[PDB]
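A.B. asks: Got a structure here, written out as C-alpha cells. Questions coming.
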Amino acid sequence: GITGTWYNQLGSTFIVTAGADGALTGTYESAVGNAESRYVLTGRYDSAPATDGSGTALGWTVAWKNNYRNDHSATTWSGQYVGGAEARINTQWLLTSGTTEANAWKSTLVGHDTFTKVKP
Amino acid sequence: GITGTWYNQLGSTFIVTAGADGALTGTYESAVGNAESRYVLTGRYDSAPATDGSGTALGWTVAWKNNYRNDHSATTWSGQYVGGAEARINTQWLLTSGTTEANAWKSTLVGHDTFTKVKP
Amino acid sequence: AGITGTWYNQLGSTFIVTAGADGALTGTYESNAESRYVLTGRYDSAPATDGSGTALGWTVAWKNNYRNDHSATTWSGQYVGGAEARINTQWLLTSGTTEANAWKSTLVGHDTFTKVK
Amino acid sequence: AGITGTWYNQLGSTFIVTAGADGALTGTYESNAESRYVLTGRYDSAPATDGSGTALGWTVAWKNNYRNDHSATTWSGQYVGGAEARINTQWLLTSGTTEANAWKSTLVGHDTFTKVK
Ligand SMILES: O=C(CCCC[C@@H]1SC[C@@H]2NC(=O)N[C@@H]21)NNc1c(-c2ccc(S(=O)(=O)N3CCOCC3)cc2)cccc1-c1ccc(S(=O)(=O)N2CCOCC2)cc1
Ligand SMILES: O=C(CCCC[C@@H]1SC[C@@H]2NC(=O)N[C@@H]21)NNc1c(-c2ccc(S(=O)(=O)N3CCOCC3)cc2)cccc1-c1ccc(S(=O)(=O)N2CCOCC2)cc1
Ligand SMILES: [Ca+2]
Ligand SMILES: [Ca+2]
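Protein chains in written order, with PDB author numbering: chain D, 16 to 135; chain D', 16 to 135; chain C, 15 to 45, 49 to 134; chain C', 15 to 45, 49 to 134. A prime marks a further copy of an entry chain.
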C-alpha cells in the first residue's frame with residue numbers, strides 16, 4: 016500500500032517504490048518548483064508489519080542537493096503508514112543544515128507532515 | 016570522510032559507504048548482538064558541502080527487521096559530519112513504532128547520538 | 015493577549031490557562050479530578066506586530082493528588098489569533114528511567130489546540 | 015530533591031532553580050543582566066525509588082527588560098542524582114512566525130546540565 020504518490024499539507028509530493036526487501040526509493044518534490052524542486056529519496060520500511068491493526072513503520076531521507084540547487088541540508092522523516100479507504104503516512108521530521116561548530120546548537124528543525132493519496 | 020565505521024555512545028556500530036552521487040548505504044549493528052543485531056541502512060548526504068568550515072548534512076534510516084528479528088519500528092538519524100583529527104557525526108533521531116490509531120500519540124521516541132571513528 | 019481561556023486539542027484534552035501581564039502561564043491540564054494536573058509556563062507578552070504568532074511554552078508534571086506517572090510533558094509552540102484561533106505545538110514527554118533505559122526516555126509529538134472542541 | 019541550585023550546560027549557560035515542595039520549578043536562565054530570563058516549570062516531587070531519574074520540564078520565553086527574541090524554549094528531561102549529578106534534557110525552541118513560515122518555526126536540540134562548569 017506504500018508504493019505510489021503521496022501529498023502533504025505543504026503541497027509537497029513524493030513518489031516512492033516500496034521494494035519487497037524493505038527498500039524505499041523515489042523522488043521528493045518541494046511544492047513550488049518542477050524539475051528544479053525534485054530530489055532523490057531513499058529509506059526503509061517494515062516489510063512484514065504486525066497484523067493486529069498496527070501501522071507500518073518507515074523512514075526516509077532527502078538531501079537537498081540536485082542538479083539545480085544545494086541547500087546544504089537534509090531531512091529525515093520517521094513515521095508509519097496507515098492503510099484503508101483514507102490511507103495516510105503520518106510523520107515527524109528532522110531537517111539538519113550544515114553549520115559551523117558555533118552554530119551547531121541551531122542546526123536542526125523539527126516538524127510533522129501528514130501524507131495522503133489525494134492533494135489537500 | 017564519511018565512508019567507514021562509526022561508533023556511538025550506546026555501543027552501536029555502523030559501517031557506511033558514501034557514494035559519489037550522495038547515497039549512503041551500509042549496515043547498522045545495535046550494541047548487544049552479532050549477525051542477529053545487524054540491519055540494512057540507507058540514506059543521503061550532501062555530496063558538495065560548503066567550504067566555509069560548515070559540517071556536511073546527512074541522514075539515514077534503519078527499519079528494525081532482519082532475518083532474525085522484527086521490532087516493527089524504524090529509526091531515522093538526521094545530522095552532520097564534522098571532519099578533522101577528531102571527526103564526528105552529530106545526530107538527532109526519531110524512532111517510530113507501528114501502533115494502533117489509539118496509541119499513535121506515543122509512537123515516536125526522540126534522542127541524540129554522537130558517532131566517532133573510535134569506540135567510546 | 016488572546017491566550018487566556020480554555021483550549022482543546024485533537025486528543026480530547028482540555029488546557030485551561032491564564033496568561034499574566036508578566037509573561038506567566040498558569041493553569042490546569044486535563045488529559049474528572051483524577052485527570053487534572055497543574056501547568057506552568059511562559060509566553061512572549063510583547064509579540065511582534067508583523068502578523069507573526071506569539072511564542073509560548075508550558076510544562077505538566079504528571080503527578081496530582083490521585084496519580085503519579087513519573088513523567089513530564091513540555092509543549093513548545095505559538096498562538097495564532099483571529100476568527101479561527103490556534104495554539105500549534107510540538108511536545109516532549111520525558112519519563113523517569115534508569116540510566117540503562119535513558120536512550121528511550123523521551124517521546125515526541127504534536128498537538129493543535131482550538132477554542133472549540 | 016537535589017534539583018534546587020545552580021546548573022551549567024555544555025554551551026556555557028547557567029540555570030538557577032528552586033524546586034518547590036509542590037512540584038514547582040522557578041528561577042532564572044542566563045544563556049550580565051541583559052542575558053537573564055525568567056523560567057518556570059514542573060518536576061515530579063515524589064519520584065520512584067527504584068533508581069529512576071526524576072522527570073521535569075521548564076520554559077523560558079526569551080523576553081526580558083532588555084531584549085525580546087519573540088521565541089520560547091522548553092526543556093524536557095530528568096534529574097539523575099549521585100556524585101556526578103546531571104539534568105539530561107532535550108529542548109524545543111519555537112519562534113513566532115508568519116503562517117507561511119510556520120513549518121520552520123521550531124528548533125530541536127539537547128542540553129546536559131551539571132553542578133560544575
Ligand atoms: O528545497 C529546499 C529545501 C526544502 C526543505 C523542505 C522541508 S522538509 C520538511 C518539510 N516538509 C516538506 O514537504 N517541506 C519541508 N530548499 N529550496 C529553497 C530555495 C533554494 C533555491 C536555490 C538554491 S541554490 O541554487 O543552491 N543557491 C542558494 C544560494 O545561492 C546560490 C545557490 C538553494 C535553495 C530557496 C527558497 C526556498 C526554498 C525552499 C524552502 C522550503 C520549501 S517547502 O517545501 O517547505 N515549502 C513549499 C512552499 O510553501 C512553503 C513550504 C521548498 C523550497
Ligand atoms: O534492535 C532493536 C531496535 C534497536 C533500536 C535502537 C535505537 S535507534 C536510536 C538509538 N541509537 C542506537 O544506536 N540505538 C538506539 N531491537 N531489538 C531488541 C530486541 C528484539 C529481539 C527479538 C525480536 S523478534 O525476534 O522480532 N521477536 C520479538 C517478539 O517476540 C518474537 C519476535 C525483536 C526485538 C529485544 C530486546 C532489546 C532490543 C534492542 C533494544 C535496544 C537496543 S540499543 O542499541 O538501543 N541498546 C544497546 C545496548 O544498550 C542499550 C541500548 C538494541 C536492541
Ligand atoms: Ca533556508
Ligand atoms: Ca521495545
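Just so it is clear, CB atoms sit at the ideal spot from N, CA and C, and this is done for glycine as well.
(1) If the criterion is Cβ atoms closer than 8 Å, does the pair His87(C) and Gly68(C) meet it?
(2) List, in chain order, every chain D residue whose beta-carbon is nearer than 9 Å to that of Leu25(C').
(3) Taking the CB atoms as reference points, tell me whether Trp79(D) and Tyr54(D) lie closer together than 8 Å.
(4) For chain C, find out if any of its Cβ atoms is closer than 8 Å to the Cβ of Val97(D); answer yes or no.
(5) Of all the residues that make up the stretch 54-74 of chain C', which are near chain C by a beta-carbon distance shorter than 9 Å?
(6) Against chain D', with Cβ distances strictly below 8 Å, would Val31(D) count as a contact?
(7) If I'm right that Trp120(C') touches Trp108(C') with Cβ under 8 Å, what's the distance once you round it to whole angstroms?
(8) For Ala35(D'), decide whether its Cβ has a neighbour in chain D, counting only Cβ atoms nearer than 8 Å.
(9) Which residue's Cα is closest to the Cα of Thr40(C'): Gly58(C'), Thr129(C'), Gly70(C'), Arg84(C')?
(10) Using a threshold of 7 Å, is the CB atom of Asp67(D') nearer than that to any non-hydrogen atom of ligand 3?
(11) Would you please state the rounded distance, in angstroms, between the beta carbons of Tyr96(C) and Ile17(C)? I believe it to be under 8 Å.
(12) Against chain C', with Cβ distances strictly below 8 Å, would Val47(D) count as a contact?
(13) Any heavy atom of ligand 1 closer than 7 Å to the beta-carbon of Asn23(D)?
(14) What do you reckon, are the CB atoms on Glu44(C) and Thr28(C) nearer than 8 Å?
(15) Classify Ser52(C) as helix, strand or coil using the three-state DSSP reduction.
(16) In three-state DSSP terms, what is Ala89(C')?
(17) Please report how far the alpha carbon of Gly34(D') lies from the alpha carbon of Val77(D), in whole angstroms.
(18) Figure out for me which residue from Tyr83(D), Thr42(D), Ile104(D) has the closest Cα to the Cα of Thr71(D).
(19) Just the Cα atoms here: how many angstroms apart are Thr90(D) and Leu73(D')?
(20) Return the CA-CA distance between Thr111(C) and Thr42(C'), expressed in angstroms with no decimal places.
(21) Could you check what DSSP says for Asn118(D') in three-state terms: helix, strand or coil?
(22) Quick check on the DSSP output: the beta strand (DSSP E) that includes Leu124(C') runs from which residue to which?
(23) Express the C-alpha separation of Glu116(C') and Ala46(D) in angstroms, rounding to a whole number.
(24) Could you spell out the range, first to last residue, of the beta strand (DSSP E) harbouring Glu44(D)?
(25) For a test of the three-state rule: what should DSSP assign to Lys80(D'), helix, strand or coil?
(26) Alpha carbon to alpha carbon, what distance is there between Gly94(D) and residue 6(D)?
(27) Nearest to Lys134(C) by CA position, among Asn23(C), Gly19(C), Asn49(C), is which residue?
(28) Measure the C-alpha to C-alpha separation of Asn85(C) and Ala63(C') and round it to an integer number of angstroms.
(29) Considering only heavy atoms of ligand 4, does any lie closer than 7 Å to the CB of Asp61(D)?
(30) Is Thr106(D) buried or exposed, if buried means 16 or more other CB atoms sit within 10 Å of its CB?
(31) Verify the contact flag: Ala78(D), CB atom, against every heavy atom of ligand 2, threshold strictly below 7 Å.
(32) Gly126(D') touches chain C at which residues, Cβ-Cβ below 7 Å?
(33) So the candidates are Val125(D), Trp75(D), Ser122(D), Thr131(D); which of them puts its Cα closest to the Cα of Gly99(D)?
(34) Among the residues of its own chain, which have a CB less than 8 Å from the CB of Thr129(C'), if the five just before and after it don't count?
C.D. replies: Concretely, from the data shown:
(1) Walking along the third sequence from the start, residue 87(C) turns up at place 70. Walking along the third sequence from the start, residue 68(C) turns up at place 51. No.
(2) Position 11 of the fourth sequence holds residue 25(C'). What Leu25(C') touches in chain D: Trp120.
(3) Taking the first sequence and counting its residues from 1, the one referred to as residue 79(D) is at position 64. Taking the first sequence and counting its residues from 1, the one referred to as residue 54(D) is at position 39. Closer than 8 Å, so yes.
(4) Against the first sequence, residue 97(D) aligns to sequence position 82. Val97(D) does not count as touching chain C.
(5) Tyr54, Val55, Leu56, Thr57, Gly58, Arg59, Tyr60, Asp61, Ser62, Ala63, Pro64, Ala65, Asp67, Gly68, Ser69, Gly70, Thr71, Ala72, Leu73, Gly74
(6) Locating residue 31(D) in the first sequence gives position 16, where the first residue counts as 1. It does not; no Cβ of chain D' falls within 8 Å.
(7) Locating residue 120(C') in the fourth sequence gives position 103, counting from the first residue. Locating residue 108(C') in the fourth sequence gives position 91, counting from the first residue. Their Cβ separation, rounded to whole angstroms, is 19 Å, which puts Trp120(C') and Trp108(C') out of contact at 8 Å.
(8) The residue given as residue 35(D') occupies position 20 in the second sequence. Not one chain D Cβ lies under 8 Å of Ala35(D').
(9) Within the fourth sequence, the letter at position 26 stands for residue 40(C'). Among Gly58(C'), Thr129(C'), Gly70(C'), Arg84(C'), the Cα nearest to that of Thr40(C') is on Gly58(C').
(10) Numbered from 1 along the second sequence, position 52 holds the residue referred to as residue 67(D'). Every heavy atom of ligand 3 is 7 Å or more from the Cβ of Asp67(D'), so no.
(11) On the third sequence, residue 96(C) is found 79 positions in, with the first residue counted as 1. On the third sequence, residue 17(C) is found 3 positions in, with the first residue counted as 1. Confirmed, about 5 Å.
(12) Within the first sequence, numbered from 1, the residue matching residue 47(D) stands at position 32. Output row for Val47(D): interface = no.
(13) Residue mapping note: residue 23(D) aligns to position 8 of the first sequence, counting from 1. Yes, since a heavy atom of ligand 1 falls inside the 7 Å radius drawn around the Cβ of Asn23(D).
(14) In the third sequence, the residue the question calls residue 44(C) occupies position 30. In the third sequence, the residue the question calls residue 28(C) occupies position 14. Closer than 8 Å, so yes.
(15) For this step, residue 52(C) is matched to residue 35 along the third sequence. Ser52(C) falls in the helix class under three-state DSSP.
(16) Counting from one through the fourth sequence, the residue named residue 89(C') turns up at place 72. Of the three classes helix, strand and coil, the one that applies to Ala89(C') here is strand, per DSSP.
(17) On the second sequence, position 19 is the one that residue 34(D') refers to. On the first sequence, position 62 is the one that residue 77(D) refers to. Those two C-alpha atoms are separated by around 15 Å.
(18) In the first sequence, residue 71(D) corresponds to position 56, counting from 1. For the residues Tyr83(D), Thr42(D), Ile104(D), the minimum Cα distance to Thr71(D) belongs to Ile104(D).
(19) As a working note, residue 90(D) is residue 75 in the first sequence. As a working note, residue 73(D') is residue 58 in the second sequence. Answer to the nearest angstrom: the Cα atoms are 8 Å apart.
(20) Counted from its first residue, the third sequence places residue 111(C) at position 94. Counted from its first residue, the fourth sequence places residue 42(C') at position 28. Roughly 22 Å separates the two Cα atoms.
(21) Against the second sequence, residue 118(D') aligns to sequence position 103. Looking at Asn118(D') - three-state DSSP - the assignment turns out to be helix.
(22) Sequence index remark: in the fourth sequence, residue 124(C') carries index 107 (1-based). Element bounds for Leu124(C'): 123-131.
(23) Numbered from 1 along the first sequence, position 31 holds the residue referred to as residue 46(D). Numbered from 1 along the fourth sequence, position 99 holds the residue referred to as residue 116(C'). Their Cα atoms are separated by approximately 16 Å.
(24) Here the question's residue 44(D) lines up with position 29 in the first sequence. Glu44(D) -> beta strand (DSSP E) spans 38-44.
(25) Reading the second sequence from its first residue, position 65 is the one you call residue 80(D'). In this structure, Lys80(D') counts as strand in the three-state DSSP scheme.
(26) Chain D is shown from 16 up to 135; residue 6(D) falls before or after that span and cannot be answered.
(27) Taking the third sequence and counting its residues from 1, one reaches residue 134(C) at position 117. When only C-alpha atoms are compared, the closest one is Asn23(C).
(28) The residue labelled residue 85(C) in the question sits at position 68 within the third sequence. The residue labelled residue 63(C') in the question sits at position 46 within the fourth sequence. In a straight line, the C-alpha of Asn85(C) is about 8 Å away from that of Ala63(C').
(29) Taking the first residue of the first sequence as 1, we reach residue 61(D) at position 46. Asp61(D): no, Cβ never under 7 Å from ligand 4.
(30) The residue given as residue 106(D) occupies position 91 in the first sequence. Its Cβ being crowded by 16 or more others within 10 Å, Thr106(D) is buried.
(31) The residue you call residue 78(D) lines up with position 63 of the first sequence. Not so, every heavy atom of ligand 2 lies at least 7 Å from the Cβ.
(32) Residue numbering aside, residue 126(D') sits at position 111 when the second sequence is read from its first letter. Near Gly126(D') (Cβ distances below 7 Å), the residues of chain C are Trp120, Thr123.
(33) Here the question's residue 99(D) lines up with position 84 in the first sequence. Here the closest residue by C-alpha is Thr131(D).
(34) Indexing the fourth sequence from 1 puts residue 129(C') at position 112. Cβ neighbours of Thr129(C') beyond the five flanking positions: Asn23, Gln24, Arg103, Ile104, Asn105, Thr106.
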